[PDB]
């Protein structure tokens, strides 16, 4: 929790289990990784005073999802922007020093009200940690937004991610 920003290389290290250690939170590797960098992460501040993350994904026309989604009509899948938010909430839990593997548990409400085209430059994620619970399972609840070149386009309320150690199962 000493470090407050992460490069792409740090995130790739995380995807190999080499940032938080084996059996702890892992980002997906490409092509499921939806984050290039984390520009801010903290356990204080944010909308609820319980922490926040700001992260970025650079957009270029050659990103793999543009070719297949959709043919003749390239647009970033909303589900992947949403997944970036789960990825970040999972990363937060690992970053705090909690053990166990990350699993997205769902969301309260998701809204898509804009799009990421291949001509965009940069997607930014803003995640506000609402609550962390440490009862039987460690979990985080958060709200998030996705913005493209300054403009808010997706929101999610009540994003939930849990950590599962060897003794707990799905």
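Residue numbers count along the first chain shown, from 1.
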query	finding
Coordinates lacking for residue 136, a third or more of other entries	yes
Mean Cα B-factor comparison, 122 to 130 or 22 to 30, giving the higher one as deposited	22 to 30
Mean Cα B-factor comparison, 49 to 57 or 135 to 143, giving the higher one as deposited	135 to 143
For residue 40, the third of its chain into which the C-alpha B factor falls	middle
Cα B factor band for residue 149 (lowest, middle or highest third within the chain)	middle
Chain third (lowest, middle, highest) by recorded CA B-factor, residue given as residue 78	lowest
Where the record places residue 63 (Cα B-factor, split into thirds across the chain)	highest
Relative C-alpha B-factor of residue 90, binned into the chain's lowest, middle or highest third	lowest
